[PDB]
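Next comes just one chain, in structure tokens: the form deposited in one PDB entry.
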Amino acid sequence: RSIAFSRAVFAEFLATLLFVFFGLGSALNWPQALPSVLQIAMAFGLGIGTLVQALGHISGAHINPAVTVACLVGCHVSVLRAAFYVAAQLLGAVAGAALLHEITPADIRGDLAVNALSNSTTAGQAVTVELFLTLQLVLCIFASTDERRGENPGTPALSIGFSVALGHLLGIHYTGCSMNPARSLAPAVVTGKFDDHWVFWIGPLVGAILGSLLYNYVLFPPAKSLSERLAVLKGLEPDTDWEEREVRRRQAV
């Protein structure tokens, strides 16, 4: 402790401020012109894609606590680097979310794009949808940040962005799409609406972990943890058969 990391820690702060600012803002109920699911999907997806590009080298652009946690369960980040990230992400989030409230005229800042269950979907259903929404993202982020595969280097930024977008295309009708506890918290804070908030903390965290676990373990990534104690296996591994050869011979004598 500590060096460039502090700045990297910062980078996330700038990222989640920006993403939430643009994101929520682009999803408001503008009376003269009203946001379509796609546009709102594009806006976030592009927002992330843009950030993962900008700050990808500096931070890994988690830009999302669930992603961070996914990165943690998968042992891609420190335990310290995780906490500082989430902290910044939550703070960076409510920062932009406030800047937006200030920047927007009173008539149309209504909801502020808080995450909220729609079409009579149960918090039980809703949370299920959020689970998958994030996992799919986590699966993308990992395949594209995966060092093992640099031959298909492109395209972590754009692919992720559009993954996020894909999340929205479905997850809006159920929830308006959190995928990102930071994202869903900031507006809930400023606006005071915490209805079924937990949904946007469990669905993501759960899908994100599952995601992390499947890529890190269910599929990939072959390597040796070295703590597997492969020195014990090699003692019996040849010797047990030598023993069978050696012990069966001495039974012969």
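The numbering used is simple: start at 1 and walk along the sequence shown. Think of the rigid core as the biggest set of C-alphas that the two forms share within 1.5 Å after superposition. Shifts are known only where both forms have a C-alpha.
What comes next is about the form deposited in another entry, which is not displayed.
- Core-aligned CA deviation for residue 32 between the shown form and the other one: less than 2 Å.
- Relative to the superposed core, residue 222 undergoes a Cα shift of 2 Å or more between the shown form and the other one.
- Once both forms are overlaid on their core, the residue ranges between the shown form and the other one with Cα shifts reaching 2 Å in three or more consecutive positions are 221 to 225, 227 to 234.
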